[PDB]
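Asker: Okay, here's the structure, questions in a sec.
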Amino acid sequence: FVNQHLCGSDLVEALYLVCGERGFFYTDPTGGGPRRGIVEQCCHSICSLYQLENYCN
């Protein structure tokens, strides 16, 4: 969970630590064009936990 790219469930298991007990919401359920701000950001690019901490609660 350092300089690796998160994509799909990978992100979830990752936000889980970032948000921890704070709980969080995944991007839109559309899956065809959800909040590309979370998936592509960390999937298309290596985002740090910081950004993931942006969607935590």
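Naming scheme: A, B, ... for chains in displayed order of the structure tokens; residues 1 onward per chain; ligands 1 onward as shown.
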I'd like the contact shell of residue 25 (chain A) - 12 Å cut-off, only C-alpha atoms, skipping same-chain residues fewer than 5 positions apart - returned as a ChimeraX atom specification.
Answerer: /A:11-12,15-16,19,35,38,52-57
Asker: According to DSSP computed on the backbone, where in chain A is there alpha helix (DSSP H)? Give the residues as a VMD selection string.
Answerer: chain A and resid 9 to 19 39 to 44 49 to 52
Asker: What's the 12 Å shell around residue 2 (chain A), counting only C-alpha atoms, without same-chain residues fewer than 5 positions away, as a VMD selection string?
Answerer: chain A and resid 14 18 42 46 to 50 52
Asker: Suppose we keep N, CA and C atoms; can you now write the selection as a PDB file, in the first residue's frame?
Answerer:
```pdb
ATOM      1  N   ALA A  14      -7.841  -0.865   0.670  1.00  0.00           N
ATOM      2  CA  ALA A  14      -6.877   0.206   1.035  1.00  0.00           C
ATOM      3  C   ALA A  14      -7.612   1.308   1.807  1.00  0.00           C
ATOM      4  N   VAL A  18      -6.887   3.406   5.590  1.00  0.00           N
ATOM      5  CA  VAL A  18      -6.884   4.892   5.598  1.00  0.00           C
ATOM      6  C   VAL A  18      -8.042   5.410   6.451  1.00  0.00           C
ATOM      7  N   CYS A  42      -5.892   6.919  -8.137  1.00  0.00           N
ATOM      8  CA  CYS A  42      -4.992   5.891  -7.539  1.00  0.00           C
ATOM      9  C   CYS A  42      -4.754   4.730  -8.516  1.00  0.00           C
ATOM     10  N   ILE A  46      -0.282   6.650  -9.131  1.00  0.00           N
ATOM     11  CA  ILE A  46       0.000   6.175  -7.750  1.00  0.00           C
ATOM     12  C   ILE A  46      -0.363   7.285  -6.755  1.00  0.00           C
ATOM     13  N   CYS A  47      -1.513   7.198  -6.136  1.00  0.00           N
ATOM     14  CA  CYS A  47      -1.916   8.251  -5.153  1.00  0.00           C
ATOM     15  C   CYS A  47      -1.449   7.842  -3.754  1.00  0.00           C
ATOM     16  N   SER A  48      -1.172   8.796  -2.908  1.00  0.00           N
ATOM     17  CA  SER A  48      -0.720   8.464  -1.526  1.00  0.00           C
ATOM     18  C   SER A  48      -1.948   8.268  -0.630  1.00  0.00           C
ATOM     19  N   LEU A  49      -1.756   7.731   0.540  1.00  0.00           N
ATOM     20  CA  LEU A  49      -2.905   7.519   1.461  1.00  0.00           C
ATOM     21  C   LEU A  49      -3.588   8.860   1.695  1.00  0.00           C
ATOM     22  N   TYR A  50      -2.814   9.903   1.729  1.00  0.00           N
ATOM     23  CA  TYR A  50      -3.358  11.259   1.934  1.00  0.00           C
ATOM     24  C   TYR A  50      -4.602  11.457   1.078  1.00  0.00           C
ATOM     25  N   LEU A  52      -6.336   9.271  -0.424  1.00  0.00           N
ATOM     26  CA  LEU A  52      -7.360   8.286  -0.019  1.00  0.00           C
ATOM     27  C   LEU A  52      -8.017   8.789   1.256  1.00  0.00           C
TER      28      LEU A  52
END
```
Asker: So, counting only C-alpha atoms, which residue among A:28, A:17, A:10, A:5 is closest to residue 40 (chain A)?
Answerer: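 Selected residue with least distance to residue 40 (chain A): A:5.
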